[PDB]
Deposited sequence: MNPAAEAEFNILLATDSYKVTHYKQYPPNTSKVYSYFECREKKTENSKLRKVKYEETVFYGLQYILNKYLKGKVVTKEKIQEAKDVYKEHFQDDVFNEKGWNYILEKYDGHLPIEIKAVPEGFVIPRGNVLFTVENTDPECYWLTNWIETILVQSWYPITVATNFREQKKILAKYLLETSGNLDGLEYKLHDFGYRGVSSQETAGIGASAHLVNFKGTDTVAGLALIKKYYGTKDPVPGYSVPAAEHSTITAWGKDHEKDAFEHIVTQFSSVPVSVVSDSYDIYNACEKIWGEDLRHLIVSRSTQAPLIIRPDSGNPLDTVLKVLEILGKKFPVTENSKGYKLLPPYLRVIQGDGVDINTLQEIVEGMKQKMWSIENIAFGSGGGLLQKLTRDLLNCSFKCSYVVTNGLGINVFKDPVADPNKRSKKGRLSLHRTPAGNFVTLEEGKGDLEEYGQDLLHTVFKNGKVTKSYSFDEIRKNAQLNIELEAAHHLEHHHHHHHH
């Protein structure tokens, strides 16, 4: 089981000794520093508050456990037993910390305060940055939620242009990333961030996380349909791919089914097997139960265009009111190999140039996508901006000579609406002047309690695209 005393960077065990004497407040903040990704979706903090930070997180056994680990880890007695004892005794092991944050799902320009952290008891001045390590991991859900929102913008633009509406937009990017991320916990967190934007997922761990920590309007927040994998095709033997296809589509005759078609030869599969041998089993399917053919290899754009071209020559094609080609309603395509933000855009643009509607296609996003995301992408950063020492508030910051991009904000911070309705972060306590109306940060955690919560519904609403609102 989890011990918060063992869930920090080792050096932070030694920091209580290092602050200026008689420091009664350490106040820190998180932002996605400025200097493509101009706005970020704030999401994921609530998961961390609930799983790791709330309630009685300190016990005598956890204190003794950490004392023993750190004695061996540092080969010395540096662990602050007294400090944690104080928390245990005075607060019944609840953390004397207050966290204020912008609402989950909010879409905020870079370079704004997203949350602040401070101690509520002068003796716990050291606790603020002890928990930096765990809080800074919010970089991941923020970054995943942001990246998928950007992909949703691309899909919305092209779907609107080629079809005239946004029908089905929320099912156009399906999460395939479960196996390609680094852990079960990461799979759940990342999938939950995908689901802020979309409704189709195979990462079941995301469903469980959302139900436990956020809650949903509907029984589940995401959906899937039956589909083959290479093993269920190749198990039939090379010469029996047709038999596998027939078996599978028949077993799933009345619901949508997707069938990977590139095990041996995608082009032969589409033209000869689906297009001729089994064509009678396709054209008889309901609109509510299409076959969704999946290529999974080759150049993504070339293979999609070539598959569309083949199907278009074997199946009746219509031209929609925008002038774009549309497969019959019982037949669609999904591309789930090598799809990232760059290649997604390349494919939909290539489709548009060849006069194919984006209605025809869906995409699957893999795990490598998310693995390539780093805390550096949006410059997710946690810094101390204010301390009280000897009863005097002091505005503090770093400003390394060889990197002005690493300069940090100074003093007490607050987040506001501008007269033009944008966001602004006020430094040095200037929010107190009340020239910019109400601080948009809410207290979400205080003294062991989660004081403000968001349902997954509120988060999805906050994260909507403008084009979705228009």
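Residues of the deposited sequence that lack C-alpha coordinates fall in the stretches 1 to 7, 43 to 52, 488 to 501.
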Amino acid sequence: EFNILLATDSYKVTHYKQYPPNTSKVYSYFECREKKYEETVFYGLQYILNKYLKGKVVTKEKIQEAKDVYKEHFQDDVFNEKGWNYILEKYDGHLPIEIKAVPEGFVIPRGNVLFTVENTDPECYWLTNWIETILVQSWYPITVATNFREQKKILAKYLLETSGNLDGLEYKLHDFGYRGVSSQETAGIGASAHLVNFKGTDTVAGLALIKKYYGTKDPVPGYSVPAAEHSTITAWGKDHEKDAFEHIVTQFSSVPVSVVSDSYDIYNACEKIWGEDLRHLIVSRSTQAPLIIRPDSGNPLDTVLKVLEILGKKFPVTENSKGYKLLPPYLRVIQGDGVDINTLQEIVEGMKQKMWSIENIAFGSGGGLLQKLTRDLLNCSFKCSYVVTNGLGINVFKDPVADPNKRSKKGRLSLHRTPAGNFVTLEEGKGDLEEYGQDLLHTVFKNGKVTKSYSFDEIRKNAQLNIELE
From here on, numbers count along this sequence of modelled residues.
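The PDB entry reports B-factors from which the mean C-alpha value can be compared for 429 to 437 and 415 to 423; the larger average falls on 429 to 437.
Looking at 231 to 239 and 96 to 104 together, the entry lists the larger mean B-factor for 231 to 239, computed on C-alpha atoms.
Looking only at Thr443, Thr59, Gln46, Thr40, the residue with the top Cα B factor in the deposited structure is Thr59. Of the candidates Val387, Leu369, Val225, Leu327, the one whose C-alpha carries the top B factor in the deposited record is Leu369.
In the deposited entry, the Cα temperature factor of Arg294 places it in the middle third of its chain's modelled residues. When the modelled residues of the chain are ordered by their C-alpha B factor, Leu465 lands in the highest third.
Ranked within its chain, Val401 lands in the highest third, by CA B factor from the PDB record. In the deposited entry, the Cα temperature factor of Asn268 places it in the middle third of its chain's modelled residues. Looking at the C-alpha B-factors along this chain, the one for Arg285 belongs to the highest third.
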